[PDB]
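*Asks:* Dumping the structure here so I can ask a few things about it.
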Amino acid sequence: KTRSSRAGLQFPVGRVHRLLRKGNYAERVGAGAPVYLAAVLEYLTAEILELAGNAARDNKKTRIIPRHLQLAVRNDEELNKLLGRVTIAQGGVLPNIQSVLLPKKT
Amino acid sequence: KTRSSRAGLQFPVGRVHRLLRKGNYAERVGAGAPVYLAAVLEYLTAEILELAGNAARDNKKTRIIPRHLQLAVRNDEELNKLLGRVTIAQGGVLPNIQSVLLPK
Amino acid sequence: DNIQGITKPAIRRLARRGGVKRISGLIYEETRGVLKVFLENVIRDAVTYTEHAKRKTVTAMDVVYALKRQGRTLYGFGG
Amino acid sequence: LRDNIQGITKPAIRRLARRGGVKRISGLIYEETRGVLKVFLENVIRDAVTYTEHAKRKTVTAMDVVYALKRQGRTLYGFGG
Amino acid sequence: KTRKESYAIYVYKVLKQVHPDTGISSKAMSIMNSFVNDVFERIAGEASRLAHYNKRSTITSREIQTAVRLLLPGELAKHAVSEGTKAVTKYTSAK
Amino acid sequence: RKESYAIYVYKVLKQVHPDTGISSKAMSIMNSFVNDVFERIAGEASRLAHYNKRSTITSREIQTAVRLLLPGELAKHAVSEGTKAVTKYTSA
Amino acid sequence: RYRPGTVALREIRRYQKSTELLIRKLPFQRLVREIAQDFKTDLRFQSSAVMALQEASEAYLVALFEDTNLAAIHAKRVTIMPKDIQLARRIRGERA
Amino acid sequence: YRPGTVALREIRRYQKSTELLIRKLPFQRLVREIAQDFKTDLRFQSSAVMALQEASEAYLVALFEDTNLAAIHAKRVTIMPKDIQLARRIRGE
DNA sequence: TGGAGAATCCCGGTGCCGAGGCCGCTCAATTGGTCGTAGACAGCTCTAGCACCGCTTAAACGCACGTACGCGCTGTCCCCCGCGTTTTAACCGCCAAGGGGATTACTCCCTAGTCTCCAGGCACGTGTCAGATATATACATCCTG
DNA sequence: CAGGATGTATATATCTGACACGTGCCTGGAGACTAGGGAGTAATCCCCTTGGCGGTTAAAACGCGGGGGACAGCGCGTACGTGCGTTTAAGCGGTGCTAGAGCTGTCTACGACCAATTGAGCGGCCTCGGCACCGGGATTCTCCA
């Protein structure tokens, strides 16, 4: 009976359907569009969380805190180009030091 | 008798209120908002043409070239701040030469 | 005297976050110039944004849309 | 394959340079500027083709050129009609 | 046969109002029309989202007032709200 | 009556990483990112329907709004994922 | 005694890992409130609204500060003299 | 010949004029070839290909504004390719 | 220092086509009418945001000084400017062909809206354990050697 | 390299407030049923994109030669970095209130829906003046002697 179970995702269609209705984006919207849009956030949530758990794993921490999401967006080259215009609260910076500063003859 | 006549303006309000209905920005539009919409865009066109007309007499041409509106914005800091993310076609760039580049 | 609430070792802390070994002495009055312009331009927009809601506390909600108009949409506190 | 990427010529980056206010230019500037122009045109005509493909057309018209630039924050005037 | 809408005569006789001895190219009126449409879309979208996050279904004069104050730089902004408020007051004083 | 996306992304995280937790501050990072990429692709789909004078939103039309806004490798995988998610939906 | 500039890179690797907010909080309480009350009178602030401002402002500062770092490296110099900062605003388009 | 005279002469007459710098068909034959990578057998409107052209140089003469500021910051008048690697990293791409 | 030639500005006519403005036609603006519902208004509730007050405690603030780093001088070298020659292909304008955009026309499904009912998502509440901290240990740096 | 001197990474003891789960009410999700209009489909026609060809001539391409900027190195003067003591007030914990955001509920004016009336607005076509073009002369100015 649940529309998400008929589509097999986790974000519900009906909640997406009513917000894309009440958010005045168009007068007439379809029924397959809130199905599909919930799937494209499903894949985007799957991509960010896989690097988030990967960042949690090598830091040997089983709780994900906003430092690991900062590790999850900055390390991969692609999704920084999607969302590097966006700042992250309590995220931190990339470890990066240019080699010309580093001393030699050591 | 149009709504621009009772407003005493010259841009039309019946045009602006028409795309405020089917423009889907919101389903209900108040009465004074398209009047206030027309009045603001009265200024924003008139701000350019007196600046373009001043540059028209500077070049001494009685026609406005796309060169003229390019210098009508770029020579003003309050206009360059708003129109900083948009280029103007076949208008070029205002002449500016750096002092250290100049010889002697 | 209240303008100088930004303190000089904390400017070093932003500069020591900057990855630079040496800092000149005229940075500190300069970065007071360029950053006080920045937070002026954020409450130039957010205060009248707060004024529109018949509202006289700037909450954490209404500010987030003000930087989004400037183009630096921020996460973590809603929006 | 062909000479298409270097179809633009040695005086062509020269002419845009003097409009950009430089004094002295380098010879190894030139093939890099072809890459920079290509990689900017890589991101722009990609968006214009996708607007063309949605509109059930196989010709890219003047208008959907413009809103590809308006997507990129580099919006253009004089061709929005 | 087709109908293409334009603000060509509108900006034309606006220019004849301010500078009655100056002509304008058709290309120049095309930058004029595109710029006018751009700022129209900007102010309308700003007022639309400002009304949306205030849980309001109507754009009154106050919404576009605050959106003009948002979008316009200072002295031009204050001149614009002054002149638009003058126009709004002149509209509501008449029928 | 403050509604959010708290439960839904938790089911995604237990699907992939079934022995990991997520803080409430990290939740607000995760919720606000989804809310921004709610209105971003929905906003670009909102304009583009008007741009060819078409007043009805289809599942075909939102597909193009995915391909504009994210770059190469993620754009190609998202459309192919959502197509098989929607072709099985219309069969039932 | 340490050679000067080597503890500068020893302090680097502590700050690369850390995410704790850098400048002090209630000094920032006074400085944004004084320009707000000078803007319009009788303005209040929720406690998390100023907490929305510090990581708005430290995000402007350190994203500028790595940005002028690679500008100052281009001059083959380690110290940042303030003519980099005018250039970094110039290249980004925020000033001219 | 004249040393430095024609160097400062072309920069004044190009910052004053409006004439296009990027030549039409080598731009027009290039845009067919990059669009050929995405979709095959494409058509282009005459105003469409032209609209790309002053879209491109107005980036580049704005880009050449930035590399000139990079050149003086190194106390030099010649532009190296690392100035293009400078300004693109500074301005956000 | 003068001089001579290379380029820039201007002046006189001119022929061209792009603005300008009128002319007949039409479709969206307007006027008049209704109805309900979104906003406005006002009164009550309770949460949060100023707001003084001491305490101790990291952190800012001032001083000192050595050193390596920022800025001016200078010589070299080659690379880039700058001309002349030859070469290349771009520009206009002429004509052919058809391809697909844009318009008019016809029907039908499928989404908007009402009605009605049902459960899953959200406020409150809980108890527990993960990482923050803490103080002793290795270890992997760098400094004068 | 090289021993010593410390700043950073490790390790378990612990503890507490956020985190994950449980209740249930409740309000939005869902099922059903009708209406009518947005769009699917299709047929036509006409802009308008593409192709091509040839004369013309502005401009690209290459080579050569010199003179001026890039840069490596140097030298010097000085501007902060590390350290240590000194002064400040950052920040925590607690009480308190009081100003104002949210909730609640009734109302009414204003804007949405609709028919008709028509004049603002527009496509097209005619007309001529501004403006770019061809050509000739005055006016600088930077390199040569």
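Going through the structure tokens in order, the chains are called A, B, and so on, while each chain numbers its residues from 1 and the ligands are numbered from 1 in the order shown.
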Extract, using only C-alpha atoms (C1' of nucleotides), all DNA, RNA and protein residues at most 12 Å from stretch 75-86 of chain B, discarding same-chain residues fewer than 3 positions from it, and format them as a PyMOL selection string.
*Replies:* (chain B and resi 44+47-48+51-52+55+68-72+89+93-96) or (chain C and resi 70) or (chain D and resi 66+69-78) or (chain E and resi 31+34-35+38-39+42+70-77) or (chain G and resi 92-96) or (chain H and resi 55+58-59+62)
*Asks:* Go through chain B and flag each residue having an atom no more than 10 Å from chain F; for those, report the closest pair of atoms plus their distance in Å to one decimal, using only C-alpha atoms, ordered by chain and rising number, as a tab-separated table.
*Replies:*
```
residue	atom	partner	partner_atom	distance
B:22	CA	F:50	CA	9.9
B:23	CA	F:50	CA	8.6
B:24	CA	F:46	CA	9.5
```
*Asks:* Just want the 9 Å neighbourhood of residue B:40, counted on only C-alpha atoms (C1' of nucleotides), with same-chain residues fewer than 4 positions away dropped. Output as a ChimeraX atom specification.
*Replies:* /B:35-36,44 /E:68,80-81,83-84
*Asks:* Would you mind exporting the chosen residues as a PDB file, in the first residue's frame, restricted to N, CA and C atoms?
*Replies:*
```pdb
ATOM      1  N   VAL B  35       2.241  47.025  -9.732  1.00  0.00           N
ATOM      2  CA  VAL B  35       2.442  48.468  -9.838  1.00  0.00           C
ATOM      3  C   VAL B  35       3.832  48.834  -9.332  1.00  0.00           C
ATOM      4  N   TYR B  36       4.226  48.248  -8.199  1.00  0.00           N
ATOM      5  CA  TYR B  36       5.567  48.456  -7.664  1.00  0.00           C
ATOM      6  C   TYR B  36       6.613  47.778  -8.545  1.00  0.00           C
ATOM      7  N   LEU B  44      15.216  51.508 -13.756  1.00  0.00           N
ATOM      8  CA  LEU B  44      16.387  50.738 -14.166  1.00  0.00           C
ATOM      9  C   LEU B  44      16.626  50.837 -15.668  1.00  0.00           C
TER      10      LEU B  44
ATOM     11  N   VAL E  68      13.549  44.270  -3.331  1.00  0.00           N
ATOM     12  CA  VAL E  68      14.287  45.355  -3.976  1.00  0.00           C
ATOM     13  C   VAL E  68      15.418  45.837  -3.074  1.00  0.00           C
ATOM     14  N   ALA E  80      15.266  54.010  -5.503  1.00  0.00           N
ATOM     15  CA  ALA E  80      14.256  53.171  -6.134  1.00  0.00           C
ATOM     16  C   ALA E  80      13.064  52.924  -5.217  1.00  0.00           C
ATOM     17  N   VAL E  81      13.303  52.682  -3.919  1.00  0.00           N
ATOM     18  CA  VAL E  81      12.168  52.439  -3.026  1.00  0.00           C
ATOM     19  C   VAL E  81      11.398  53.741  -2.821  1.00  0.00           C
ATOM     20  N   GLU E  83      11.039  56.215  -5.113  1.00  0.00           N
ATOM     21  CA  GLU E  83      10.241  56.513  -6.299  1.00  0.00           C
ATOM     22  C   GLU E  83       9.103  55.508  -6.466  1.00  0.00           C
ATOM     23  N   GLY E  84       9.353  54.231  -6.163  1.00  0.00           N
ATOM     24  CA  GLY E  84       8.298  53.237  -6.262  1.00  0.00           C
ATOM     25  C   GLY E  84       7.207  53.424  -5.225  1.00  0.00           C
TER      26      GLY E  84
END
```
*Asks:* Tell me which protein, DNA and RNA residues are within 10 Å of residue F:34, counting only C-alpha atoms (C1' of nucleotides), leaving out same-chain ones fewer than 3 positions away, and put them as a PyMOL selection string.
*Replies:* (chain A and resi 41-42+44-45) or (chain C and resi 79) or (chain F and resi 5+9+28-31+37-40)
*Asks:* Hey, can you check how far atom CA of residue F:92 sits from atom CA of residue D:53?
*Replies:*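 Atom CA of residue D:53 lies 29.2 Å from atom CA of residue F:92.
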*Asks:* Residues within 10 Å of residue J:100, please, as number ranges by chain. Count only C-alpha atoms (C1' of nucleotides); anything in the same chain fewer than 6 positions from it doesn't count.
*Replies:* C: 55-57; I: 47-48
*Asks:* Can I get the selected residues back with N, CA and C atoms (P, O5', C5', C4', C3', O3' and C1' of nucleotides), as a tab-separated table (two decimals), in the first residue's frame?
*Replies:*
```tsv
chain	number	residue	atom	x	y	z
C	55	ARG	N	9.81	40.84	12.73
C	55	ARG	CA	10.59	40.00	13.61
C	55	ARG	C	11.82	40.79	14.05
C	56	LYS	N	12.12	40.78	15.34
C	56	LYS	CA	13.22	41.57	15.87
C	56	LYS	C	14.27	40.74	16.60
C	57	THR	N	14.33	39.44	16.35
C	57	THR	CA	15.53	38.64	16.62
C	57	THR	C	15.99	37.98	15.33
I	47	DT	P	7.90	26.05	27.55
I	47	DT	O5'	9.06	26.22	26.46
I	47	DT	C5'	8.75	26.79	25.20
I	47	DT	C4'	9.72	27.91	24.83
I	47	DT	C3'	11.15	27.74	25.36
I	47	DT	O3'	12.05	28.11	24.33
I	47	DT	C1'	10.35	29.85	25.95
I	48	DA	P	13.49	27.42	24.20
I	48	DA	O5'	14.38	28.57	23.54
I	48	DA	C5'	13.77	29.55	22.70
I	48	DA	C4'	14.19	30.96	23.08
I	48	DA	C3'	15.68	31.15	23.36
I	48	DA	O3'	16.12	32.39	22.81
I	48	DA	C1'	14.44	31.90	25.20
```
*Asks:* Write out as a PyMOL selection string which residues come within 8 Å of residue F:66 when counting only C-alpha atoms (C1' of nucleotides), dropping same-chain ones fewer than 4 positions away.
*Replies:* chain F and resi 41+62+70+75+78-79
*Asks:* Write a file of the selected residues as a compact mmCIF listing (two decimals), in the first residue's frame, keeping N, CA, C and O atoms.
*Replies:*
```txt
# COMPACT_ATOMS: atom_id res chain seq x y z
N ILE F 41 17.91 20.59 -8.21
CA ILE F 41 17.43 19.90 -9.41
C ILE F 41 15.93 20.13 -9.62
O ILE F 41 15.46 20.19 -10.76
N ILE F 62 12.41 15.64 -15.93
CA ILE F 62 13.29 15.81 -14.78
C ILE F 62 14.63 15.10 -15.02
O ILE F 62 15.66 15.52 -14.47
N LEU F 70 24.96 17.67 -12.33
CA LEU F 70 26.12 16.99 -11.77
C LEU F 70 27.10 16.58 -12.87
O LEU F 70 26.68 16.29 -13.99
N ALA F 75 26.74 11.73 -13.21
CA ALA F 75 25.57 12.01 -14.03
C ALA F 75 25.13 10.79 -14.82
O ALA F 75 23.94 10.54 -14.98
N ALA F 78 23.48 8.05 -12.41
CA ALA F 78 22.23 8.38 -11.74
C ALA F 78 21.02 8.17 -12.65
O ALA F 78 19.96 7.73 -12.19
N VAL F 79 21.16 8.49 -13.94
CA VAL F 79 20.05 8.32 -14.88
C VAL F 79 19.79 6.84 -15.13
O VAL F 79 18.64 6.39 -15.20
```
*Asks:* Residues of chain D that have any atom at most 8 Å from an atom of chain F: could you tabulate them with the shortest-distance atom pair and the distance in Å to one decimal, using only C-alpha atoms, ordered by chain and increasing number, as JSON lines?
*Replies:*
```
{"residue": "D:47", "atom": "CA", "partner": "F:68", "partner_atom": "CA", "distance": 6.1}
{"residue": "D:50", "atom": "CA", "partner": "F:64", "partner_atom": "CA", "distance": 6.8}
{"residue": "D:51", "atom": "CA", "partner": "F:64", "partner_atom": "CA", "distance": 7.8}
{"residue": "D:54", "atom": "CA", "partner": "F:64", "partner_atom": "CA", "distance": 6.7}
{"residue": "D:55", "atom": "CA", "partner": "F:52", "partner_atom": "CA", "distance": 6.9}
```
*Asks:* Please provide as a PDB file with C-alpha atoms (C1' of nucleotides), in the first residue's frame all residues within 12 Å of residue I:13, with the sequence filter that same-chain residues fewer than 6 positions apart are discarded (counting only C-alpha atoms (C1' of nucleotides)).
*Replies:*
```pdb
ATOM      1  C1'  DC J 133      33.030  54.546 -46.507  1.00  0.00           C
ATOM      2  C1'  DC J 134      36.390  56.556 -50.167  1.00  0.00           C
ATOM      3  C1'  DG J 135      39.614  59.836 -50.607  1.00  0.00           C
ATOM      4  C1'  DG J 136      42.608  63.820 -49.535  1.00  0.00           C
TER       5       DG J 136
END
```
*Asks:* Kindly provide, as a list in words, the residues of chain B having any atom no farther than 9 Å from an atom of chain J, counting only C-alpha atoms (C1' of nucleotides).
*Replies:* residues 2, 28, 29, 30, 31, 62 and 63 of chain B
*Asks:* Compile the residues of chain J that lie within 10 Å of chain D, evaluated using only C-alpha atoms (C1' of nucleotides), and express the compilation as a list in words.
*Replies:* residues 49, 59, 60, 61 and 69 of chain J
*Asks:* Could you tell me which of I:111, I:1, I:100, I:77 comes closest to residue H:43 if we count only C-alpha atoms (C1' of nucleotides)?
*Replies:*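 Smallest distance to residue H:43 is found for I:100.
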*Asks:* When you get a sec, could you note down which chain G residues fall within 8 Å of chain C, using only C-alpha atoms, as number ranges by chain?
*Replies:* G: 5, 8-9, 11-12, 15-16, 22-24, 27-28, 30-32, 34-36, 42-46, 48-50, 52, 56-58, 61-62, 65-66, 69, 78-82
*Asks:* For the selection you just gave me, I'd like the residues written to a file as a PDB file, in the first residue's frame, keeping C-alpha atoms.
*Replies:*
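Here's the written file selection21.pdb:
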```pdb
ATOM      1  CA  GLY G   5      59.836  28.222  11.174  1.00  0.00           C
ATOM      2  CA  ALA G   8      55.459  26.601  12.350  1.00  0.00           C
ATOM      3  CA  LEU G   9      55.147  23.340  10.404  1.00  0.00           C
ATOM      4  CA  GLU G  11      51.846  23.508  14.524  1.00  0.00           C
ATOM      5  CA  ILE G  12      50.528  22.871  10.984  1.00  0.00           C
ATOM      6  CA  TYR G  15      45.666  22.372  12.819  1.00  0.00           C
ATOM      7  CA  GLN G  16      45.125  20.156   9.759  1.00  0.00           C
ATOM      8  CA  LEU G  22      39.335  29.148  15.929  1.00  0.00           C
ATOM      9  CA  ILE G  23      38.681  32.705  17.129  1.00  0.00           C
ATOM     10  CA  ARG G  24      36.928  33.337  20.430  1.00  0.00           C
ATOM     11  CA  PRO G  27      34.559  38.567  21.508  1.00  0.00           C
ATOM     12  CA  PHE G  28      32.623  37.834  18.320  1.00  0.00           C
ATOM     13  CA  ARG G  30      30.321  42.060  20.835  1.00  0.00           C
ATOM     14  CA  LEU G  31      31.653  42.835  17.364  1.00  0.00           C
ATOM     15  CA  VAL G  32      28.637  41.708  15.337  1.00  0.00           C
ATOM     16  CA  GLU G  34      27.747  46.638  17.736  1.00  0.00           C
ATOM     17  CA  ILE G  35      27.408  46.950  13.946  1.00  0.00           C
ATOM     18  CA  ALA G  36      23.883  45.504  14.089  1.00  0.00           C
ATOM     19  CA  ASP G  42      16.850  47.182  19.121  1.00  0.00           C
ATOM     20  CA  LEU G  43      18.129  44.015  17.445  1.00  0.00           C
ATOM     21  CA  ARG G  44      18.444  40.665  19.220  1.00  0.00           C
ATOM     22  CA  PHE G  45      20.243  37.473  18.249  1.00  0.00           C
ATOM     23  CA  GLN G  46      19.570  33.809  18.821  1.00  0.00           C
ATOM     24  CA  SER G  48      22.960  29.680  17.243  1.00  0.00           C
ATOM     25  CA  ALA G  49      22.619  32.573  14.784  1.00  0.00           C
ATOM     26  CA  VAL G  50      26.001  33.954  15.830  1.00  0.00           C
ATOM     27  CA  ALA G  52      26.027  30.484  12.123  1.00  0.00           C
ATOM     28  CA  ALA G  56      30.656  31.698   8.005  1.00  0.00           C
ATOM     29  CA  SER G  57      33.546  34.058   8.765  1.00  0.00           C
ATOM     30  CA  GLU G  58      36.339  31.558   9.433  1.00  0.00           C
ATOM     31  CA  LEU G  61      39.187  33.751   6.145  1.00  0.00           C
ATOM     32  CA  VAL G  62      40.911  30.395   5.622  1.00  0.00           C
ATOM     33  CA  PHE G  65      44.269  32.457   3.286  1.00  0.00           C
ATOM     34  CA  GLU G  66      45.158  29.330   1.307  1.00  0.00           C
ATOM     35  CA  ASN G  69      49.213  31.420   0.046  1.00  0.00           C
ATOM     36  CA  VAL G  78      57.195  33.116   2.272  1.00  0.00           C
ATOM     37  CA  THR G  79      55.870  36.236   3.989  1.00  0.00           C
ATOM     38  CA  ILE G  80      52.489  37.579   2.905  1.00  0.00           C
ATOM     39  CA  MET G  81      52.720  41.306   2.419  1.00  0.00           C
ATOM     40  CA  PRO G  82      49.255  42.901   1.977  1.00  0.00           C
TER      41      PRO G  82
END
```
*Asks:* Give as a PyMOL selection string every residue of chain H that touches chain B within 12 Å, counting only C-alpha atoms.
*Replies:* chain H and resi 3-5+7-21+50-62+64-65+68-69+71-73+75-78
*Asks:* In Å to one decimal, how far is atom CA of residue H:91 from atom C1' of residue J:71?
*Replies:*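 Interatomic distance here is 28.0 Å.
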*Asks:* Tell me, in Å to one decimal, how far atom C1' of residue J:56 is from atom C1' of residue I:86.
*Replies:*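 About the pair atom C1' of residue J:56 and atom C1' of residue I:86: they are 17.2 Å apart.
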*Asks:* For a quick test of understanding: name the residues of chain A lying within 8 Å of chain B when counting only C-alpha atoms, and present them as an MDAnalysis selection string.
*Replies:* chainID A and resid 24:27
*Asks:* At a cut-off of 10 Å, which residues of chain J touch chain C? Count only C-alpha atoms (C1' of nucleotides) and give the answer as a ChimeraX atom specification.
*Replies:* /J:79-81,100-101
*Asks:* Convert the current residue selection to file output with N, CA and C atoms (P, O5', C5', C4', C3', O3' and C1' of nucleotides), as an mmCIF file, in the first residue's frame.
*Replies:*
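Saved to again.cif:
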```cif
data_model
loop_
_atom_site.group_PDB
_atom_site.id
_atom_site.type_symbol
_atom_site.label_atom_id
_atom_site.label_comp_id
_atom_site.auth_asym_id
_atom_site.auth_seq_id
_atom_site.Cartn_x
_atom_site.Cartn_y
_atom_site.Cartn_z
ATOM 1 P P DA J 79 61.473 46.767 9.308
ATOM 2 O "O5'" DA J 79 60.753 45.660 8.402
ATOM 3 C "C5'" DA J 79 61.403 44.411 8.160
ATOM 4 C "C4'" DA J 79 60.497 43.237 8.487
ATOM 5 C "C3'" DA J 79 59.359 43.543 9.433
ATOM 6 O "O3'" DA J 79 58.382 42.529 9.326
ATOM 7 C "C1'" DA J 79 61.066 42.352 10.576
ATOM 8 P P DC J 80 56.840 42.846 9.633
ATOM 9 O "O5'" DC J 80 56.295 41.471 10.238
ATOM 10 C "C5'" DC J 80 56.867 40.953 11.434
ATOM 11 C "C4'" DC J 80 57.456 39.573 11.206
ATOM 12 C "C3'" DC J 80 56.956 38.507 12.163
ATOM 13 O "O3'" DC J 80 57.120 37.220 11.578
ATOM 14 C "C1'" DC J 80 59.207 38.994 12.660
ATOM 15 P P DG J 81 56.504 35.920 12.295
ATOM 16 O "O5'" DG J 81 57.770 35.233 12.985
ATOM 17 C "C5'" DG J 81 58.449 34.170 12.328
ATOM 18 C "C4'" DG J 81 59.268 33.333 13.308
ATOM 19 C "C3'" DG J 81 58.478 32.404 14.216
ATOM 20 O "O3'" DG J 81 59.257 31.256 14.487
ATOM 21 C "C1'" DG J 81 59.567 34.051 15.532
ATOM 22 P P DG J 100 10.070 43.344 22.326
ATOM 23 O "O5'" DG J 100 9.973 42.026 21.433
ATOM 24 C "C5'" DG J 100 10.914 40.977 21.653
ATOM 25 C "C4'" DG J 100 10.327 39.609 21.326
ATOM 26 C "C3'" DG J 100 9.255 39.582 20.239
ATOM 27 O "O3'" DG J 100 9.451 38.429 19.433
ATOM 28 C "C1'" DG J 100 8.442 38.533 22.158
ATOM 29 P P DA J 101 9.233 38.486 17.843
ATOM 30 O "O5'" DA J 101 9.228 36.945 17.407
ATOM 31 C "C5'" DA J 101 10.164 36.029 17.983
ATOM 32 C "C4'" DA J 101 9.629 34.592 18.021
ATOM 33 C "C3'" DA J 101 8.717 34.160 16.875
ATOM 34 O "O3'" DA J 101 8.938 32.772 16.593
ATOM 35 C "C1'" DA J 101 7.505 34.145 18.931
#
```
*Asks:* Quick one: which residues from chain I are at most 12 Å off chain B, using only C-alpha atoms (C1' of nucleotides), as an NGL selection string?
*Replies:* :I and (18-19 or 28-31 or 37-39)
*Asks:* Report as number ranges by chain: the residues of chain D with a DSSP assignment of alpha helix (DSSP H), based on the backbone of this structure.
*Replies:* D: 10-19, 30-54, 62-71
*Asks:* Can you write just those residues out, C-alpha atoms, as a compact mmCIF listing (two decimals), in the first residue's frame?
*Replies:*
```
# COMPACT_ATOMS: atom_id res chain seq x y z
CA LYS D 10 49.14 32.57 -33.62
CA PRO D 11 47.87 36.18 -34.11
CA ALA D 12 44.43 35.19 -32.74
CA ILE D 13 45.51 34.81 -29.10
CA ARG D 14 47.71 37.85 -29.78
CA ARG D 15 44.67 40.03 -30.58
CA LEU D 16 42.76 38.96 -27.47
CA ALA D 17 45.91 39.59 -25.43
CA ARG D 18 46.13 43.31 -26.27
CA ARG D 19 42.45 43.70 -25.38
CA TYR D 30 49.71 29.38 -26.82
CA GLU D 31 48.91 25.65 -26.76
CA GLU D 32 47.69 25.99 -23.17
CA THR D 33 45.17 28.69 -24.17
CA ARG D 34 43.79 26.26 -26.75
CA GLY D 35 43.23 23.78 -23.92
CA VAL D 36 41.62 26.40 -21.68
CA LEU D 37 39.28 27.55 -24.47
CA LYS D 38 38.42 23.92 -25.24
CA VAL D 39 37.76 22.98 -21.60
CA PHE D 40 35.50 26.01 -21.20
CA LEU D 41 33.72 25.06 -24.41
CA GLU D 42 33.60 21.50 -23.08
CA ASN D 43 31.41 22.63 -20.19
CA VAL D 44 29.24 25.03 -22.22
CA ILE D 45 28.21 23.09 -25.35
CA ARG D 46 27.57 20.07 -23.13
CA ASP D 47 24.76 22.04 -21.50
CA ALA D 48 23.48 23.43 -24.81
CA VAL D 49 23.25 19.94 -26.33
CA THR D 50 21.29 18.62 -23.33
CA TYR D 51 18.82 21.50 -23.68
CA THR D 52 18.62 20.65 -27.39
CA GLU D 53 18.01 16.96 -26.66
CA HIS D 54 15.17 17.78 -24.26
CA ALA D 62 20.34 30.96 -30.25
CA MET D 63 18.33 30.95 -27.01
CA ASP D 64 19.38 27.64 -25.41
CA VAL D 65 22.97 28.78 -25.94
CA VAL D 66 22.26 31.65 -23.54
CA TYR D 67 20.78 29.72 -20.63
CA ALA D 68 23.69 27.28 -20.72
CA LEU D 69 25.76 30.36 -19.87
CA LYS D 70 23.14 31.48 -17.33
CA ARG D 71 23.60 28.07 -15.70
```
